[PDB]
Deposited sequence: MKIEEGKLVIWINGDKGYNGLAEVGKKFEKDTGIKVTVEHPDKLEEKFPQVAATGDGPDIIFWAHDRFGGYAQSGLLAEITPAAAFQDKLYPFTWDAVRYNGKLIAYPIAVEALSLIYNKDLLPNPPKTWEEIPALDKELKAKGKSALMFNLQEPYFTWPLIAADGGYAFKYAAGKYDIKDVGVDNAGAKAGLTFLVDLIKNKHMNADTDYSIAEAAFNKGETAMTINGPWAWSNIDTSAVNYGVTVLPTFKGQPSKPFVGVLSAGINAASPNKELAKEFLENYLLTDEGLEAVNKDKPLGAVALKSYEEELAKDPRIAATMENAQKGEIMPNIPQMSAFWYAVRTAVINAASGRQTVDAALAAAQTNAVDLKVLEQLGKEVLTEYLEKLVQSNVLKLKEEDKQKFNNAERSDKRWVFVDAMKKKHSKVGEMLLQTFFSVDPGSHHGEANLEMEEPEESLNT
């Protein structure tokens, strides 16, 4: 680790030079050089580059895959002014809340939104319960109402959690698929499949191909999919997700966050650059020019971009949507939802039996996984006397 200057590590999602273009505004006005770098495999270098104290002082990544950094406790806290915590939506600071204090800075926001063909469906439904009758009307014209990815729990969980449902009780303690409100949401979904308003084999590609070829009226996707539906000429709107039993569908919210290192000796100067330069109207648009940040959580700027109705509804779904879990890497809980949807959609179990078995099949999958990690930890500790070769030694030929 070095002192005298500040740095930044970002990928090719958002403009690598837009941040540079805002980068030298800092050093032009201050004199502290800010190098801006884009390491290949950023999410795979940081806990490596930081655990010994080296690396950046600040850094950028998402909030959904952020459960590998906070667990090793590295990102230092920030005492932002109350006047600063009032520049972004009050619910944004919870997405980067940990142990009680801060862990990074919100910049923008990402969430699933209801996408509908405006010519096929001029007024999209606001209610899940009215789509089966709507679909029957549309299948007589050769179309389907709603087609989105049923394979990944990321898309299907909002409806399963629509009735009094949410990921955690606030921290594991157990898998969160037990509540009887998920029975109601999962029942409705497996019905849309068994009554043939939906197919259980619909993946992301099939749902995307059906919408831009104009074969379906609605689909579930995020701002990342907006690029490919504009190549097609389908006239589409973007609105809030449909409600169920009166409660709104709440998707997962991914938020890019500007964390800063605890081994970082330029703590404050990193605050001055992010708070007073990056995180206001002038800084983001330098970033937003090279590549769009999507909806940004900064009230000042979001509203002027909220003139785009797609970006405004993307955020509206995010404010209601609940925060992407701090226990992730996509396992445990993720495994219980997916196996519950698959077995119930094919009719092997009623939904009551499916998610009850799928959840204890999840917790007992991770007692096997962590058991296997230990014997291999003991394996690895033995040959220390002398990363994928462990696959051909254990997936070898002989028994």
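The deposited chain is incompletely modelled, with C-alpha atoms absent over 1-2, 173-177, 394-429, 443-462.
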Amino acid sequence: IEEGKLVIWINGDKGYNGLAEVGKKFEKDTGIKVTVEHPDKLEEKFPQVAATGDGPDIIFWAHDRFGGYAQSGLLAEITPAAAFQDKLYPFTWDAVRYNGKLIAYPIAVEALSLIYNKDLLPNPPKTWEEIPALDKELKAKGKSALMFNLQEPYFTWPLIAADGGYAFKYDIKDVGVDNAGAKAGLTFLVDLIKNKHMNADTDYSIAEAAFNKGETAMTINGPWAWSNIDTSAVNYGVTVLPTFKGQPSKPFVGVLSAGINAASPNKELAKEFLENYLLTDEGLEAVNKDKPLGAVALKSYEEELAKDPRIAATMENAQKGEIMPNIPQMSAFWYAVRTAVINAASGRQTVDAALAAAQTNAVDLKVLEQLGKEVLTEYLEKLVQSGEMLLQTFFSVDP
From here on, numbers count along this sequence of modelled residues.
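Comparing 291-299 with 244-252, the higher mean C-alpha B-factor in the PDB entry belongs to 291-299. In this entry, 80-88 shows the higher mean Cα temperature factor of the pair 209-217 and 80-88.
Per the PDB record, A167 has a higher Cα B-factor than any other of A258, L120, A167, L114.
When the modelled residues of the chain are ordered by their C-alpha B factor, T156 lands in the lowest third. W224: CA B factor lies in the lowest third for its chain, per the PDB record. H63 sits in the highest third of its chain by CA B factor, as recorded in the PDB entry.
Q385: CA B factor in the middle third of modelled residues in this chain (values from the PDB entry). Per the deposited record, the Cα B-factor of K194 falls in the middle third when ranked against the other modelled residues of its chain.
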